[PDB]
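Okay, structure first, notes after.
Here the Cβ is made from the backbone with ideal geometry for all residues, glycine too, and neighbour counts use every protein chain on show. Coordinate-derived values only; no laboratory data.
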Amino acid sequence: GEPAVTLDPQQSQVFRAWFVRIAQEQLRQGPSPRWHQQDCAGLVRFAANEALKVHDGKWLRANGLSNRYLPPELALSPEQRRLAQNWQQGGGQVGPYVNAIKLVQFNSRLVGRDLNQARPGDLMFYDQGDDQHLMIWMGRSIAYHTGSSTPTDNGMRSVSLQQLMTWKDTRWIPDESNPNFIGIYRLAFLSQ
């Protein structure tokens, strides 16, 4: 009758390119009324939602992408464009917003613990005990949220794998030896 709404492999590749592009653009900015929550889950939901929008002139101007070599546009159904507005909440319940746990538990699948195998837009999931975090693998760098936004700072940061290995705070190392590094997850609506 009507299968489950997902992105095919080509669409998934273009979605990742838009996702990472939009994420990168958030680096040079202070709080946006456009994120649902001022945190990592907020950035992921925002970038995914914006990645699935029709990227018209008005959208390009609003997001400062007007004079750029951009990824291809997707020919998506309305249902596909609504994918980052309809997250699984558990028990078949659906909603427009997601925190880190609901995103990984109900809206992601494991890739593994080897960044060599990660694609741009894959999520690096950490459990520090009291608090769980998502970083975005951007392909050659990592976008993360400081955990503390202010009226002039959205808390978004970018670090190379190399510079992250220099951190005195060793809790964020994305390898086998880090018990706080849980894994690398792909958004469930992307193709394998």
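Annotations
- Test: residue in the range 8-23 that is under 29 Å from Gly129 (Cα atoms), surrounded by 12 or more Cβ atoms within 10 Å (Cβ to Cβ) and aliphatic (A, V, I, L, M): yes
- Among the residues of the range 143-158, those identified as surrounded by fewer than 17 Cβ atoms within 10 Å (Cβ to Cβ) and either free of Cβ contacts under 8 Å to residues at least 24 places away in the same chain or in a strand (DSSP E or B) (or both) are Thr146, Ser148, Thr150, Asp153, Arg157, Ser158.
- Condition met for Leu123 (touching a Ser or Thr at 6+ places or on another chain (Cβ under 8 Å) and either closer than 29 Å to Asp175 by Cα or in contact (Cβ under 8 Å) with a residue 24 or more places away in the chain (or both)): yes
- Within the span defined as the range 109-119, one or more residues are in a helix (DSSP H, G or I) and in contact with a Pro (Cβ under 7 Å, 6 or more places away or on another chain).
- Subset of the range 159-173 (residues that are farther than 23 Å from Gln26 by Cα and either in contact with a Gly (Cβ under 7 Å, 6 or more places away or on another chain) or surrounded by 13 or more Cβ atoms within 10 Å (Cβ to Cβ) (or both)): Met165, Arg171, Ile173
- Within the range 82-101, restricting attention to residues that are touching a residue at least 60 places away in the same chain (Cβ under 8 Å) and part of a helix (DSSP H, G or I), the residue that is farthest from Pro174 (Cα to Cα) is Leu83.
- The lone exception for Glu79 - which of (1) among the charged types (D, E, K, R); (2) part of a loop (DSSP other than H, G, I, E, B); (3) more than 28 Å from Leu164 (Cα to Cα) it fails: (2)
- From the list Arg140, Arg45, the one residue that fits, being of a type in the set (D, E, K, R) and in a helix (DSSP H, G or I), is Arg45.
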